[PDB]
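One-based numbering along the sequence shown.
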Amino acid sequence: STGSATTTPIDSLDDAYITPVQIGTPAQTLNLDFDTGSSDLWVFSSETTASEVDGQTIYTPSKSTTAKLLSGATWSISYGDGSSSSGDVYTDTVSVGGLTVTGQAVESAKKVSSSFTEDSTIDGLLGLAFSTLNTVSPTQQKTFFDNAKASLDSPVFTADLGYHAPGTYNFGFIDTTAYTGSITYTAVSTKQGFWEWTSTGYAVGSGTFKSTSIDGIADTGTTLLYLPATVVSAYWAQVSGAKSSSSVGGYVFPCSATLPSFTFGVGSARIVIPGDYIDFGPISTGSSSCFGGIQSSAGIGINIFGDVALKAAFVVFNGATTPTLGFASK
């Protein structure tokens, strides 16, 4: 089997991407944030505290002939941006782009933090990290990908995120028309539950490539690219007027500045992030000061190849017995 679904930016900055997911019988379509940095599929629902629901589409398990309550099960998650959600657990039929999993754990939110409430466009998350990070208790549940794996033509999914445009999540096959050149594959560590890998270095604009190991995770659920402070300083030093602002919370630059590209290494291959991708617009409405798309990971505890990086590539998440990541230009 395979599946193919279009993923769409939630706003003009590519702050996140949403993908329609069919849940239950008859289908209830919710727009979920596919997150390769977490492992819970959770949704706004008929059970979510009413005051915490503001425009999202909710899952109503009582209207689904295939929903089943997982007795006694609870879940609770906290994300790196400090947002959180929690509730109880159903299993139901879940389809993504034509690919159907029966008995998928669908985590129903009883509570969500304000950032979720305030974001009307995201109806929940669908985690695609390794199932070891799933927060369901007393018994951890498997991700959509993990449940689908054995059925897939090939045990893979691919992320083809768009720059200010829609893109594609495919399951079970590699679309050889979706990228230029070849895919370079690189080893993954699952020790922390993430798609963790080691980049082979970076370049700033037309500068020479610096060979250096950068451990990090491929995370579709993070907006920006977070790298060591040394690397990030090297980049912004090449932008006239750029500075790190503690009040704003990161590197900012004159909106009229021309940004250099940023290259990261995948083995002996190179992915180039165009300068434009690194502009996340005014720090506040009407400002001539803009927020940078490359920021320091210092304080996060991990480097994160988020959407700014991933959208410059066609990315293969290879869930074979020994997992790997593949990157191609496109």
Side-chain angles (χ1 to χ4, degrees), residues 1-8 17-43 59 61 64-67 70 89-107 123-134 136 140-141 143-148 150-162 166-179 183 185 188 190 193-195 218 220-221 310 313-328 330:
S1 66
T2 60
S4 180
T6 298
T7 193
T8 305
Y17 299 77
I18 49 171
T19 310
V21 175
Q22 281 68 48
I23 305 173
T25 311
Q28 306 177 33
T29 300
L30 274 64
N31 293 328
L32 305 185
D33 185 351
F34 284 23
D35 181 16
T36 63
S38 69
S39 304
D40 288 48
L41 190 180
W42 73 259
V43 297
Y59 168 59
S64 171
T65 65
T66 42
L70 191 57
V89 186
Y90 292 82
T91 57
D92 208 338
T93 301
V94 172
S95 295
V96 173
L99 167 67
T100 296
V101 169
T102 54
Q104 174 63 47
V106 174
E107 303 170 32
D123 301 327
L125 264 69
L126 189 151
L128 293 167
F130 291 90
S131 295
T132 49
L133 297 182
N134 178 264
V136 176
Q140 290 182 282
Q141 301 297 302
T143 68
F144 175 84
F145 179 53
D146 238 70
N147 281 321
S151 292
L152 293 177
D153 290 0
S154 188
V156 306
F157 69 91
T158 64
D160 184 5
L161 303 178
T168 307
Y169 283 102
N170 290 333
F171 295 81
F173 71 106
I174 303 300
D175 181 357
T176 58
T177 73
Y179 57 83
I183 308 179
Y185 289 84
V188 163
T190 67
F194 299 114
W195 294 88
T220 60
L310 301 182
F314 175 91
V315 187
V316 181
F317 294 75
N318 171 31
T321 302
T322 300
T324 60
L325 276 167
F327 291 83
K330 65 190 184 188

Run the side chain to side chain contact (heavy atoms under 4.5 Å, CB included) test on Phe194 and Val188 for me, step by step, so that the C-alpha distance in whole Å, both residues' side-chain angles and the decisive distance to 0.1 Å come before the verdict. CA-CA 9 Å; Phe194 299 114; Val188 163; over 6 Å; no

Find the distance between CZ (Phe34) and CG (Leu126) and round it off to the nearest 0.5 Å. 5.0 Å

Identify which one of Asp33, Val315, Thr36, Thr7 satisfies the side-chain contact (heavy atoms from CB on, under 4.5 Å) criterion when paired with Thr220. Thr36

Quick one: does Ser39's side chain have a donor or acceptor within less than 3.5 Å of a partner on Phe130's backbone? yes

The reported gap from CG in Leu30 to CD1 in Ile18 (rounded to nearest 0.5 angstrom) is 10.5 Å

Would you compute the distance between atom CD of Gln22 and atom CG of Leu99 and round it to the nearest 0.5 angstrom? 11.0 Å

ring-ring contact (aromatic ring centres under 6.0 Å, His included) between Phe144 and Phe171: does it pass, once the steps are laid out? CA-CA 10 Å; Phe144 175 84; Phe171 295 81; 5.6 Å; yes

Parallel, tilted or perpendicular, judged at 30° and 60°: which one describes the rings of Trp195 and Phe157? perpendicular

Got a donor-acceptor contact below 3.5 angstrom from the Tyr17 side chain to the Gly162 backbone? yes

For the CG atom of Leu152 and the CZ atom of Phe173, what is their distance to the nearest 0.5 Å? 10.5 Å

Atom pair CG/CD1 of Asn318 and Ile174 - distance to nearest 0.5 Å: 8.0 Å

Under 3.5 Å donor-acceptor, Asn134 side chain and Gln140 backbone: no

Give a yes or no on whether the backbone of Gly24 and the side-chain of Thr66 come within a donor-acceptor separation of less than 3.5 Å. no

Apply the test side chain to side chain contact (heavy atoms under 4.5 Å, CB included) to residues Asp160 and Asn170: give CA-CA distance (whole Å), side-chain angles for both, the deciding distance (0.1 Å), then the verdict. CA-CA 8 Å; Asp160 184 5; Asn170 290 333; over 6 Å; no

State, yes or no, whether a side-chain contact exists between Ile23 and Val43 at a heavy-atom distance under 4.5 Å. yes

Would you check if there is a donor-acceptor pair between the side chains of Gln104 and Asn147 at a distance under 3.5 Å? yes

To the nearest 0.5 Å, how far apart are OH in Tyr59 and OH in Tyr90? 7.5 Å

